[PDB]
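File shown here: work23.cif, holding mmCIF, N, CA and C atoms.
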data_data
#
loop_
_atom_site.label_atom_id
_atom_site.label_comp_id
_atom_site.auth_asym_id
_atom_site.auth_seq_id
_atom_site.Cartn_x
_atom_site.Cartn_y
_atom_site.Cartn_z
N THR G 1 3.64 39.98 24.03
CA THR G 1 2.65 40.39 25.02
C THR G 1 2.42 41.90 24.97
N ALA G 2 3.35 42.66 25.54
CA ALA G 2 3.24 44.12 25.58
C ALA G 2 3.71 44.70 24.24
N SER G 3 2.87 44.52 23.24
CA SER G 3 3.21 44.98 21.90
C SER G 3 3.15 46.50 21.84
N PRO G 4 4.25 47.18 21.50
CA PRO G 4 4.19 48.65 21.40
C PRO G 4 3.24 49.13 20.33
N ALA G 5 3.08 48.35 19.25
CA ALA G 5 2.20 48.76 18.16
C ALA G 5 0.77 48.94 18.62
N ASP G 6 0.39 48.31 19.73
CA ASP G 6 -0.95 48.44 20.28
C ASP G 6 -1.01 49.43 21.43
N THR G 7 0.07 50.17 21.67
CA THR G 7 0.11 51.06 22.82
C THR G 7 0.53 52.47 22.41
N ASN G 8 1.34 52.57 21.35
CA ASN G 8 1.87 53.85 20.91
C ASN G 8 1.17 54.37 19.66
N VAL G 9 -0.12 54.09 19.52
CA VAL G 9 -0.85 54.51 18.33
C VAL G 9 -1.12 56.01 18.40
N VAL G 10 -0.65 56.73 17.40
CA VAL G 10 -0.90 58.17 17.27
C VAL G 10 -1.16 58.49 15.81
N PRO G 11 -1.84 59.60 15.55
CA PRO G 11 -2.10 59.98 14.16
C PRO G 11 -0.80 60.14 13.37
N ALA G 12 -0.81 59.64 12.15
CA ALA G 12 0.36 59.74 11.29
C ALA G 12 0.50 61.16 10.76
N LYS G 13 1.66 61.44 10.17
CA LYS G 13 1.88 62.74 9.56
C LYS G 13 0.95 62.94 8.38
N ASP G 14 0.54 64.19 8.16
CA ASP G 14 -0.39 64.55 7.10
C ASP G 14 -1.71 63.80 7.21
N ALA G 15 -2.07 63.39 8.43
CA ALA G 15 -3.29 62.61 8.63
C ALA G 15 -4.54 63.29 8.10
N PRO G 16 -4.82 64.57 8.39
CA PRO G 16 -6.16 65.10 8.09
C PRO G 16 -6.52 65.10 6.62
N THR G 17 -5.54 65.01 5.72
CA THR G 17 -5.84 65.17 4.31
C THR G 17 -5.14 64.16 3.42
N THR G 18 -4.56 63.09 3.98
CA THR G 18 -3.69 62.23 3.19
C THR G 18 -4.46 61.51 2.09
N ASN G 19 -5.70 61.10 2.35
CA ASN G 19 -6.42 60.27 1.40
C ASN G 19 -7.08 61.07 0.28
N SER G 20 -6.95 62.39 0.28
CA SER G 20 -7.70 63.20 -0.67
C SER G 20 -7.24 62.91 -2.09
N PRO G 21 -8.15 62.53 -2.99
CA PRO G 21 -7.75 62.30 -4.37
C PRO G 21 -7.50 63.62 -5.08
N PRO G 22 -6.67 63.63 -6.11
CA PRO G 22 -6.44 64.87 -6.86
C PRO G 22 -7.57 65.19 -7.82
N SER G 23 -8.39 66.18 -7.47
CA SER G 23 -9.50 66.57 -8.32
C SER G 23 -9.84 68.02 -8.04
N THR G 24 -10.64 68.60 -8.93
CA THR G 24 -11.09 69.97 -8.78
C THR G 24 -12.60 70.11 -8.64
N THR G 25 -13.36 69.04 -8.87
CA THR G 25 -14.81 69.16 -8.93
C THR G 25 -15.42 69.42 -7.57
N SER G 26 -15.32 68.45 -6.66
CA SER G 26 -15.87 68.57 -5.31
C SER G 26 -14.87 67.96 -4.35
N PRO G 27 -13.73 68.63 -4.14
CA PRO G 27 -12.64 67.98 -3.41
C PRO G 27 -13.02 67.53 -2.01
N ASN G 28 -13.84 68.31 -1.31
CA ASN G 28 -14.15 67.96 0.07
C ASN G 28 -15.03 66.72 0.15
N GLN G 29 -16.05 66.63 -0.70
CA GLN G 29 -16.86 65.43 -0.72
C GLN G 29 -16.04 64.23 -1.15
N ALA G 30 -15.23 64.41 -2.19
CA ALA G 30 -14.40 63.31 -2.68
C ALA G 30 -13.45 62.83 -1.59
N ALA G 31 -12.81 63.77 -0.90
CA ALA G 31 -11.91 63.39 0.18
C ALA G 31 -12.67 62.65 1.27
N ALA G 32 -13.87 63.12 1.61
CA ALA G 32 -14.66 62.45 2.63
C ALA G 32 -14.97 61.02 2.22
N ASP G 33 -15.36 60.82 0.96
CA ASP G 33 -15.64 59.47 0.50
C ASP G 33 -14.40 58.60 0.55
N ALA G 34 -13.25 59.15 0.17
CA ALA G 34 -12.01 58.38 0.20
C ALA G 34 -11.70 57.92 1.62
N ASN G 35 -11.84 58.82 2.59
CA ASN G 35 -11.63 58.44 3.98
C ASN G 35 -12.56 57.30 4.37
N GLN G 36 -13.84 57.43 4.02
CA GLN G 36 -14.81 56.41 4.39
C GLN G 36 -14.44 55.06 3.78
N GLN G 37 -14.12 55.06 2.49
CA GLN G 37 -13.75 53.81 1.83
C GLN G 37 -12.42 53.29 2.36
N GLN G 38 -11.48 54.19 2.64
CA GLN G 38 -10.19 53.77 3.17
C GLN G 38 -10.36 53.08 4.52
N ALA G 39 -11.25 53.60 5.36
CA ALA G 39 -11.43 53.04 6.69
C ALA G 39 -12.05 51.66 6.69
N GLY G 40 -12.42 51.13 5.53
CA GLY G 40 -13.04 49.83 5.45
C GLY G 40 -14.55 49.82 5.54
N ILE G 41 -15.16 50.97 5.82
CA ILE G 41 -16.62 51.05 5.84
C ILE G 41 -17.14 51.00 4.41
N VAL G 42 -18.23 50.26 4.21
CA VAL G 42 -18.90 50.20 2.92
C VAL G 42 -20.17 51.04 3.00
N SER G 43 -20.51 51.66 1.87
CA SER G 43 -21.64 52.59 1.85
C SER G 43 -22.94 51.90 2.26
N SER G 44 -23.11 50.64 1.87
CA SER G 44 -24.34 49.92 2.19
C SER G 44 -24.54 49.76 3.69
N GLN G 45 -23.48 49.91 4.49
CA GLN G 45 -23.60 49.80 5.93
C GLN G 45 -23.60 51.15 6.64
N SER G 46 -23.03 52.18 6.02
CA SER G 46 -23.08 53.51 6.62
C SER G 46 -24.44 54.17 6.44
N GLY G 47 -25.17 53.79 5.40
CA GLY G 47 -26.49 54.32 5.16
C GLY G 47 -26.50 55.81 4.91
N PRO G 48 -27.46 56.51 5.51
CA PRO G 48 -27.61 57.95 5.24
C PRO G 48 -26.42 58.78 5.66
N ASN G 49 -25.55 58.26 6.51
CA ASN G 49 -24.44 59.05 7.03
C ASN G 49 -23.44 59.45 5.96
N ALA G 50 -23.50 58.85 4.77
CA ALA G 50 -22.48 59.07 3.76
C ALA G 50 -22.80 60.21 2.80
N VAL G 51 -23.98 60.80 2.86
CA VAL G 51 -24.44 61.64 1.76
C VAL G 51 -23.94 63.07 1.88
N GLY G 52 -23.99 63.67 3.06
CA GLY G 52 -23.72 65.09 3.16
C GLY G 52 -22.34 65.46 3.66
N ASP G 53 -21.58 64.48 4.13
CA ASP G 53 -20.33 64.76 4.81
C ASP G 53 -19.28 65.31 3.84
N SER G 54 -18.30 66.00 4.40
CA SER G 54 -17.17 66.52 3.64
C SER G 54 -15.95 66.60 4.54
N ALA G 55 -14.78 66.52 3.94
CA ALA G 55 -13.52 66.42 4.66
C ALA G 55 -12.49 67.32 4.00
N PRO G 56 -11.46 67.73 4.73
CA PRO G 56 -10.43 68.58 4.13
C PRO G 56 -9.66 67.85 3.05
N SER G 57 -9.20 68.62 2.06
CA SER G 57 -8.49 68.07 0.92
C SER G 57 -7.32 68.97 0.56
N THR G 58 -6.31 68.36 -0.07
CA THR G 58 -5.14 69.12 -0.50
C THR G 58 -5.48 70.07 -1.64
N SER G 59 -6.48 69.74 -2.44
CA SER G 59 -6.83 70.59 -3.57
C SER G 59 -7.43 71.91 -3.14
N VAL G 60 -7.74 72.08 -1.86
CA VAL G 60 -8.36 73.29 -1.34
C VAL G 60 -7.32 74.13 -0.64
N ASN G 61 -7.23 75.39 -1.01
CA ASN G 61 -6.31 76.32 -0.39
C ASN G 61 -6.78 76.68 1.01
N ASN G 62 -5.84 77.14 1.84
CA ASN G 62 -6.20 77.65 3.16
C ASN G 62 -7.15 78.83 3.05
N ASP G 63 -7.00 79.65 2.02
CA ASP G 63 -7.93 80.75 1.80
C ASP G 63 -9.29 80.26 1.34
N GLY G 64 -9.39 79.01 0.89
CA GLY G 64 -10.65 78.48 0.44
C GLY G 64 -10.81 78.53 -1.06
N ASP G 65 -9.74 78.20 -1.78
CA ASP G 65 -9.74 78.20 -3.23
C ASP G 65 -9.29 76.85 -3.75
N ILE G 66 -9.65 76.58 -5.00
CA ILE G 66 -9.27 75.34 -5.67
C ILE G 66 -7.88 75.54 -6.24
N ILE G 67 -6.92 74.77 -5.74
CA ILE G 67 -5.53 74.88 -6.16
C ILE G 67 -5.12 73.59 -6.85
N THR G 68 -4.25 73.73 -7.85
CA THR G 68 -3.74 72.60 -8.60
C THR G 68 -2.24 72.40 -8.44
N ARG G 69 -1.56 73.28 -7.72
CA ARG G 69 -0.13 73.16 -7.49
C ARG G 69 0.18 73.81 -6.15
N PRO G 70 1.33 73.50 -5.55
CA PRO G 70 1.67 74.11 -4.27
C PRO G 70 1.67 75.63 -4.35
N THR G 71 1.20 76.27 -3.27
CA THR G 71 0.95 77.70 -3.31
C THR G 71 2.21 78.49 -3.62
N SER G 72 3.37 78.00 -3.19
CA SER G 72 4.61 78.70 -3.49
C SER G 72 4.80 78.85 -4.99
N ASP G 73 4.48 77.80 -5.74
CA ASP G 73 4.60 77.86 -7.19
C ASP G 73 3.66 78.91 -7.77
N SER G 74 2.45 79.01 -7.22
CA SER G 74 1.54 80.06 -7.65
C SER G 74 2.16 81.43 -7.41
N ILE G 75 2.78 81.62 -6.25
CA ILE G 75 3.50 82.86 -5.99
C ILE G 75 4.63 83.02 -6.99
N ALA G 76 5.37 81.94 -7.25
CA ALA G 76 6.46 82.01 -8.21
C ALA G 76 5.94 82.36 -9.60
N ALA G 77 4.81 81.78 -9.98
CA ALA G 77 4.28 82.02 -11.32
C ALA G 77 3.99 83.50 -11.54
N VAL G 78 3.27 84.12 -10.60
CA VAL G 78 2.93 85.52 -10.78
C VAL G 78 4.18 86.39 -10.72
N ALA G 79 5.14 86.02 -9.88
CA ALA G 79 6.37 86.79 -9.80
C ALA G 79 7.13 86.75 -11.12
N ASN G 80 7.24 85.56 -11.71
CA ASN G 80 7.98 85.43 -12.96
C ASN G 80 7.29 86.14 -14.11
N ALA G 81 5.98 86.37 -14.02
CA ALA G 81 5.27 87.02 -15.11
C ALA G 81 5.63 88.49 -15.24
N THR G 82 6.37 89.05 -14.29
CA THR G 82 6.72 90.47 -14.30
C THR G 82 8.19 90.61 -13.92
N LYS G 83 9.06 90.62 -14.93
CA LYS G 83 10.49 90.81 -14.72
C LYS G 83 11.04 91.66 -15.85
N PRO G 84 10.96 92.98 -15.73
CA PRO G 84 11.52 93.85 -16.76
C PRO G 84 13.02 93.67 -16.87
N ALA G 85 13.53 93.86 -18.08
CA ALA G 85 14.96 93.73 -18.31
C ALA G 85 15.73 94.76 -17.49
N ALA G 86 16.80 94.31 -16.84
CA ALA G 86 17.56 95.21 -15.98
C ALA G 86 18.36 96.22 -16.79
N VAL G 87 19.06 95.76 -17.83
CA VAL G 87 19.86 96.62 -18.67
C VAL G 87 19.32 96.54 -20.09
N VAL G 88 18.95 97.68 -20.64
CA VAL G 88 18.40 97.76 -21.98
C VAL G 88 19.37 98.55 -22.84
N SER G 89 19.23 98.40 -24.15
CA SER G 89 20.11 99.05 -25.12
C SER G 89 19.30 100.05 -25.93
N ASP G 90 19.52 101.33 -25.68
CA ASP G 90 18.92 102.37 -26.48
C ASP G 90 19.98 103.37 -26.90
N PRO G 91 19.82 103.99 -28.07
CA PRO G 91 20.88 104.88 -28.58
C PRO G 91 21.17 106.06 -27.67
N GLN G 92 20.16 106.59 -26.99
CA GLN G 92 20.31 107.80 -26.20
C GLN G 92 20.46 107.39 -24.74
N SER G 93 21.70 107.21 -24.31
CA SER G 93 21.95 106.70 -22.97
C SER G 93 22.99 107.46 -22.18
N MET G 94 23.76 108.36 -22.78
CA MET G 94 24.78 109.16 -22.09
C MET G 94 25.92 108.30 -21.55
N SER Z 1 24.29 31.19 39.94
CA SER Z 1 24.86 29.96 40.46
C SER Z 1 26.22 30.13 41.11
N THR Z 2 27.02 31.09 40.66
CA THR Z 2 28.36 31.30 41.20
C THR Z 2 28.50 32.73 41.67
N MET Z 3 29.31 32.91 42.72
CA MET Z 3 29.54 34.25 43.24
C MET Z 3 30.16 35.16 42.19
N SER Z 4 30.99 34.59 41.32
CA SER Z 4 31.59 35.39 40.26
C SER Z 4 30.53 35.99 39.36
N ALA Z 5 29.57 35.18 38.92
CA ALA Z 5 28.53 35.66 38.02
C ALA Z 5 27.73 36.79 38.66
N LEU Z 6 27.35 36.62 39.92
CA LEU Z 6 26.62 37.66 40.62
C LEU Z 6 27.46 38.93 40.71
N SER Z 7 28.75 38.79 40.98
CA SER Z 7 29.61 39.95 41.10
C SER Z 7 29.63 40.76 39.81
N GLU Z 8 29.71 40.07 38.67
CA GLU Z 8 29.72 40.78 37.40
C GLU Z 8 28.39 41.46 37.14
N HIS Z 9 27.30 40.80 37.51
CA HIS Z 9 25.98 41.40 37.34
C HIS Z 9 25.90 42.74 38.05
N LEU Z 10 26.35 42.79 39.31
CA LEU Z 10 26.43 44.06 40.02
C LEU Z 10 27.41 45.00 39.34
N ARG Z 11 28.55 44.47 38.89
CA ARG Z 11 29.57 45.29 38.27
C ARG Z 11 29.13 45.86 36.93
N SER Z 12 28.02 45.40 36.38
CA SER Z 12 27.52 45.89 35.11
C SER Z 12 26.19 46.60 35.23
N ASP Z 13 25.21 45.99 35.90
CA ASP Z 13 23.86 46.53 35.93
C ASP Z 13 23.59 47.42 37.12
N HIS Z 14 24.44 47.41 38.14
CA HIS Z 14 24.12 48.12 39.37
C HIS Z 14 25.29 48.94 39.87
N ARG Z 15 26.10 49.48 38.97
CA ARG Z 15 27.04 50.55 39.30
C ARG Z 15 26.59 51.80 38.57
N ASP Z 16 26.36 52.87 39.32
CA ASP Z 16 25.62 54.03 38.82
C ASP Z 16 26.48 55.26 38.60
N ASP Z 17 27.37 55.58 39.53
CA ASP Z 17 28.25 56.74 39.34
C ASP Z 17 29.45 56.42 38.46
N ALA Z 18 29.60 55.16 38.04
CA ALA Z 18 30.75 54.76 37.25
C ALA Z 18 30.68 55.35 35.84
N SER Z 19 31.85 55.64 35.28
CA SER Z 19 31.99 56.14 33.91
C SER Z 19 31.17 57.41 33.70
N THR Z 20 31.30 58.34 34.64
CA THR Z 20 30.49 59.55 34.61
C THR Z 20 31.10 60.63 33.71
N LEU Z 21 32.40 60.86 33.82
CA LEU Z 21 33.02 62.02 33.20
C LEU Z 21 33.32 61.80 31.73
N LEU Z 22 32.30 61.48 30.94
CA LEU Z 22 32.46 61.33 29.50
C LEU Z 22 31.10 61.48 28.84
N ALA Z 23 31.13 61.80 27.54
CA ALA Z 23 29.90 61.91 26.78
C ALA Z 23 29.21 60.56 26.70
N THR Z 24 27.91 60.55 26.98
CA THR Z 24 27.15 59.32 27.16
C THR Z 24 25.85 59.40 26.38
N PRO Z 25 25.81 58.83 25.17
CA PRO Z 25 24.56 58.87 24.39
C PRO Z 25 23.60 57.74 24.69
N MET Z 26 24.05 56.66 25.33
CA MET Z 26 23.22 55.48 25.49
C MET Z 26 22.18 55.64 26.59
N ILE Z 27 21.36 56.68 26.51
CA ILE Z 27 20.28 56.87 27.47
C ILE Z 27 19.15 55.92 27.10
N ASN Z 28 18.74 55.09 28.05
CA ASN Z 28 17.68 54.13 27.83
C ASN Z 28 16.35 54.71 28.32
N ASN Z 29 15.31 53.89 28.33
CA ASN Z 29 14.02 54.32 28.82
C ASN Z 29 14.00 54.24 30.35
N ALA Z 30 12.89 54.68 30.93
CA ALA Z 30 12.78 54.69 32.39
C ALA Z 30 12.81 53.27 32.95
N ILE Z 31 11.96 52.40 32.43
CA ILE Z 31 11.82 51.05 32.97
C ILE Z 31 12.73 50.12 32.20
N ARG Z 32 13.62 49.44 32.91
CA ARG Z 32 14.44 48.43 32.25
C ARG Z 32 13.78 47.06 32.30
N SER Z 33 13.30 46.65 33.48
CA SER Z 33 12.69 45.34 33.60
C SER Z 33 11.86 45.27 34.87
N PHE Z 34 11.00 44.26 34.93
CA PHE Z 34 10.23 43.94 36.11
C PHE Z 34 10.35 42.45 36.40
N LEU Z 35 10.24 42.11 37.68
CA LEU Z 35 10.27 40.72 38.12
C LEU Z 35 8.98 40.41 38.86
N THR Z 36 8.30 39.35 38.45
CA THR Z 36 7.08 38.94 39.11
C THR Z 36 7.45 37.99 40.22
N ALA Z 37 7.08 38.31 41.45
CA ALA Z 37 7.49 37.51 42.60
C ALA Z 37 6.82 36.15 42.61
N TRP Z 38 5.53 36.10 42.26
CA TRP Z 38 4.77 34.86 42.45
C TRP Z 38 5.30 33.73 41.58
N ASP Z 39 5.91 34.05 40.45
CA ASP Z 39 6.45 33.04 39.56
C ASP Z 39 7.94 33.16 39.31
N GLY Z 40 8.54 34.32 39.55
CA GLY Z 40 9.95 34.49 39.33
C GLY Z 40 10.35 34.78 37.90
N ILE Z 41 9.41 35.08 37.03
CA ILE Z 41 9.71 35.40 35.64
C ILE Z 41 10.00 36.88 35.53
N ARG Z 42 11.04 37.22 34.77
CA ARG Z 42 11.42 38.60 34.55
C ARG Z 42 10.90 39.08 33.21
N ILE Z 43 10.35 40.29 33.19
CA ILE Z 43 9.83 40.91 31.98
C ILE Z 43 10.74 42.06 31.60
N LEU Z 44 11.21 42.07 30.36
CA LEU Z 44 12.04 43.15 29.86
C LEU Z 44 11.18 44.15 29.10
N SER Z 45 11.48 45.43 29.29
CA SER Z 45 10.75 46.46 28.58
C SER Z 45 11.01 46.34 27.08
N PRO Z 46 9.98 46.43 26.25
CA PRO Z 46 10.21 46.41 24.81
C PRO Z 46 11.01 47.62 24.37
N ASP Z 47 11.83 47.43 23.34
CA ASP Z 47 12.61 48.51 22.76
C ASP Z 47 12.05 48.83 21.38
N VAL Z 48 11.64 50.08 21.20
CA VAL Z 48 11.06 50.50 19.93
C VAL Z 48 12.18 50.91 18.98
N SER Z 49 12.32 50.16 17.89
CA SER Z 49 13.25 50.51 16.82
C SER Z 49 12.55 50.29 15.49
#
Representation of the structure as structure tokens:
Amino acid sequence: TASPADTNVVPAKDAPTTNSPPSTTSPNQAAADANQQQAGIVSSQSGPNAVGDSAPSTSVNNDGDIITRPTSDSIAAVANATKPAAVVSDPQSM
Amino acid sequence: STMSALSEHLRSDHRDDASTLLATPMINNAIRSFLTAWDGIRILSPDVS
């Protein structure tokens, strides 16, 4: 009778962007389409509402850039690109 | 049906200050149950697990 599943419905974790497919071309439109198809709506019934919409995607950075890996790794990548040797061997060292 | 059974029911479900001075993790929800007077059927609160 008093089914909790019908009373305690709340958005799941990572809800706003979970369905976003991994792509770089048009992530927001692609994510929007994925949400629409995931929700069970078919394009033939949504009509004109499906053409211009866009939704948040994981491929888009908070700054508004196309990202292909977690931002920490991007930070790690640039950091690792610059690591001069701590101790070097040269004849004139005192 | 028997006075003994009722006594235990009180001794279990309706003693409140008992067993106070110890760590107690078994905190339940607010509503334990309801009883409908017109039919006498008792409804237990669902437990989410």
Query raised in the report: residue G:21: which residues within 12 Å, counting only C-alpha atoms, same-chain residues fewer than 2 positions away excluded, as JSON, numbers by chain?
Result: {"G": [17, 18, 19, 23, 24, 25, 26, 27, 28, 29, 30, 31, 32, 33, 34, 35, 38, 55, 56, 57, 58, 59, 60, 68]}
Query - At most 8 Å to chain Z: residues in chain G, all atoms listed in the file, as an MDAnalysis selection string - result: chainID G and resid 2:4
**Report entry** Backbone-only DSSP, helix (DSSP H, G or I) members of chain G, as a ChimeraX atom specification
**Finding:** /G:4-6,15-17,27-38,43-50,71-80
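One finds atom C of residue Z:29 at 15.7 Å from atom C of residue Z:14.
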**Report entry** chain Z: residues DSSP assigns to strand (DSSP E or B), reported as number ranges by chain
**Finding:** Z: 33-35, 42-44
Keeping only N, CA and C atoms, write those residues as a short mmCIF file (atom, residue, chain, number, x, y, z; two decimals), keeping the file's coordinate frame.
data_model
loop_
_atom_site.label_atom_id
_atom_site.label_comp_id
_atom_site.auth_asym_id
_atom_site.auth_seq_id
_atom_site.Cartn_x
_atom_site.Cartn_y
_atom_site.Cartn_z
N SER Z 33 13.30 46.65 33.48
CA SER Z 33 12.69 45.34 33.60
C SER Z 33 11.86 45.27 34.87
N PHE Z 34 11.00 44.26 34.93
CA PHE Z 34 10.23 43.94 36.11
C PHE Z 34 10.35 42.45 36.40
N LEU Z 35 10.24 42.11 37.68
CA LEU Z 35 10.27 40.72 38.12
C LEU Z 35 8.98 40.41 38.86
N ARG Z 42 11.04 37.22 34.77
CA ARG Z 42 11.42 38.60 34.55
C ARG Z 42 10.90 39.08 33.21
N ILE Z 43 10.35 40.29 33.19
CA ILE Z 43 9.83 40.91 31.98
C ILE Z 43 10.74 42.06 31.60
N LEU Z 44 11.21 42.07 30.36
CA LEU Z 44 12.04 43.15 29.86
C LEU Z 44 11.18 44.15 29.10
#
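You will find atom N of residue Z:31 at 28.5 Å from atom C of residue G:13.
A straight line drawn from atom CA of residue Z:30 to atom CA of residue Z:17 is 17.1 Å long.
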File output, stretch 22-47 of chain Z (N, CA and C atoms) as a PDB file, in the first residue's frame:
ATOM      1  N   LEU Z  22      23.057   3.631  28.527  1.00  0.00           N
ATOM      2  CA  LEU Z  22      23.952   2.871  27.664  1.00  0.00           C
ATOM      3  C   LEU Z  22      23.841   3.410  26.247  1.00  0.00           C
ATOM      4  N   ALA Z  23      24.870   3.133  25.447  1.00  0.00           N
ATOM      5  CA  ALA Z  23      24.855   3.540  24.050  1.00  0.00           C
ATOM      6  C   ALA Z  23      23.743   2.814  23.303  1.00  0.00           C
ATOM      7  N   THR Z  24      22.959   3.576  22.544  1.00  0.00           N
ATOM      8  CA  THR Z  24      21.725   3.076  21.942  1.00  0.00           C
ATOM      9  C   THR Z  24      21.674   3.485  20.475  1.00  0.00           C
ATOM     10  N   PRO Z  25      22.062   2.593  19.556  1.00  0.00           N
ATOM     11  CA  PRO Z  25      22.010   2.945  18.131  1.00  0.00           C
ATOM     12  C   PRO Z  25      20.670   2.679  17.471  1.00  0.00           C
ATOM     13  N   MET Z  26      19.801   1.878  18.083  1.00  0.00           N
ATOM     14  CA  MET Z  26      18.580   1.442  17.416  1.00  0.00           C
ATOM     15  C   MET Z  26      17.508   2.522  17.424  1.00  0.00           C
ATOM     16  N   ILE Z  27      17.830   3.701  16.907  1.00  0.00           N
ATOM     17  CA  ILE Z  27      16.842   4.767  16.788  1.00  0.00           C
ATOM     18  C   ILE Z  27      15.962   4.466  15.584  1.00  0.00           C
ATOM     19  N   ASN Z  28      14.657   4.409  15.809  1.00  0.00           N
ATOM     20  CA  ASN Z  28      13.706   4.112  14.750  1.00  0.00           C
ATOM     21  C   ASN Z  28      13.153   5.418  14.186  1.00  0.00           C
ATOM     22  N   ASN Z  29      12.153   5.311  13.321  1.00  0.00           N
ATOM     23  CA  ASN Z  29      11.516   6.489  12.767  1.00  0.00           C
ATOM     24  C   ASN Z  29      10.490   7.036  13.756  1.00  0.00           C
ATOM     25  N   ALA Z  30       9.885   8.167  13.397  1.00  0.00           N
ATOM     26  CA  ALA Z  30       8.920   8.797  14.290  1.00  0.00           C
ATOM     27  C   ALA Z  30       7.700   7.909  14.495  1.00  0.00           C
ATOM     28  N   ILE Z  31       7.087   7.463  13.408  1.00  0.00           N
ATOM     29  CA  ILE Z  31       5.844   6.710  13.480  1.00  0.00           C
ATOM     30  C   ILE Z  31       6.174   5.228  13.505  1.00  0.00           C
ATOM     31  N   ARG Z  32       5.704   4.534  14.535  1.00  0.00           N
ATOM     32  CA  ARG Z  32       5.870   3.091  14.550  1.00  0.00           C
ATOM     33  C   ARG Z  32       4.677   2.387  13.918  1.00  0.00           C
ATOM     34  N   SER Z  33       3.463   2.773  14.298  1.00  0.00           N
ATOM     35  CA  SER Z  33       2.282   2.116  13.755  1.00  0.00           C
ATOM     36  C   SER Z  33       1.057   2.980  13.991  1.00  0.00           C
ATOM     37  N   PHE Z  34      -0.002   2.660  13.255  1.00  0.00           N
ATOM     38  CA  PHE Z  34      -1.310   3.265  13.442  1.00  0.00           C
ATOM     39  C   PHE Z  34      -2.359   2.172  13.521  1.00  0.00           C
ATOM     40  N   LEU Z  35      -3.433   2.460  14.246  1.00  0.00           N
ATOM     41  CA  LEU Z  35      -4.563   1.553  14.365  1.00  0.00           C
ATOM     42  C   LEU Z  35      -5.820   2.257  13.883  1.00  0.00           C
ATOM     43  N   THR Z  36      -6.533   1.619  12.963  1.00  0.00           N
ATOM     44  CA  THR Z  36      -7.771   2.182  12.455  1.00  0.00           C
ATOM     45  C   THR Z  36      -8.894   1.693  13.343  1.00  0.00           C
ATOM     46  N   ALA Z  37      -9.647   2.611  13.932  1.00  0.00           N
ATOM     47  CA  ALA Z  37     -10.675   2.235  14.892  1.00  0.00           C
ATOM     48  C   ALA Z  37     -11.844   1.532  14.219  1.00  0.00           C
ATOM     49  N   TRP Z  38     -12.248   2.002  13.040  1.00  0.00           N
ATOM     50  CA  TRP Z  38     -13.484   1.508  12.444  1.00  0.00           C
ATOM     51  C   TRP Z  38     -13.398   0.033  12.092  1.00  0.00           C
ATOM     52  N   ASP Z  39     -12.199  -0.475  11.825  1.00  0.00           N
ATOM     53  CA  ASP Z  39     -12.025  -1.876  11.487  1.00  0.00           C
ATOM     54  C   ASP Z  39     -11.099  -2.628  12.423  1.00  0.00           C
ATOM     55  N   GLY Z  40     -10.256  -1.938  13.183  1.00  0.00           N
ATOM     56  CA  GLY Z  40      -9.358  -2.612  14.092  1.00  0.00           C
ATOM     57  C   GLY Z  40      -8.090  -3.145  13.470  1.00  0.00           C
ATOM     58  N   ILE Z  41      -7.792  -2.786  12.236  1.00  0.00           N
ATOM     59  CA  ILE Z  41      -6.576  -3.235  11.573  1.00  0.00           C
ATOM     60  C   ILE Z  41      -5.444  -2.281  11.912  1.00  0.00           C
ATOM     61  N   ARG Z  42      -4.278  -2.838  12.212  1.00  0.00           N
ATOM     62  CA  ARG Z  42      -3.099  -2.055  12.536  1.00  0.00           C
ATOM     63  C   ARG Z  42      -2.190  -1.950  11.322  1.00  0.00           C
ATOM     64  N   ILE Z  43      -1.677  -0.751  11.078  1.00  0.00           N
ATOM     65  CA  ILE Z  43      -0.767  -0.489   9.974  1.00  0.00           C
ATOM     66  C   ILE Z  43       0.610  -0.206  10.544  1.00  0.00           C
ATOM     67  N   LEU Z  44       1.611  -0.927  10.057  1.00  0.00           N
ATOM     68  CA  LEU Z  44       2.986  -0.709  10.473  1.00  0.00           C
ATOM     69  C   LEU Z  44       3.691   0.199   9.478  1.00  0.00           C
ATOM     70  N   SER Z  45       4.501   1.107   9.999  1.00  0.00           N
ATOM     71  CA  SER Z  45       5.263   1.991   9.136  1.00  0.00           C
ATOM     72  C   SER Z  45       6.253   1.178   8.309  1.00  0.00           C
ATOM     73  N   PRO Z  46       6.365   1.441   7.012  1.00  0.00           N
ATOM     74  CA  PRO Z  46       7.366   0.738   6.208  1.00  0.00           C
ATOM     75  C   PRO Z  46       8.767   1.100   6.668  1.00  0.00           C
ATOM     76  N   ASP Z  47       9.673   0.138   6.554  1.00  0.00           N
ATOM     77  CA  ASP Z  47      11.076   0.344   6.886  1.00  0.00           C
ATOM     78  C   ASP Z  47      11.886   0.338   5.599  1.00  0.00           C
TER      79      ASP Z  47
END
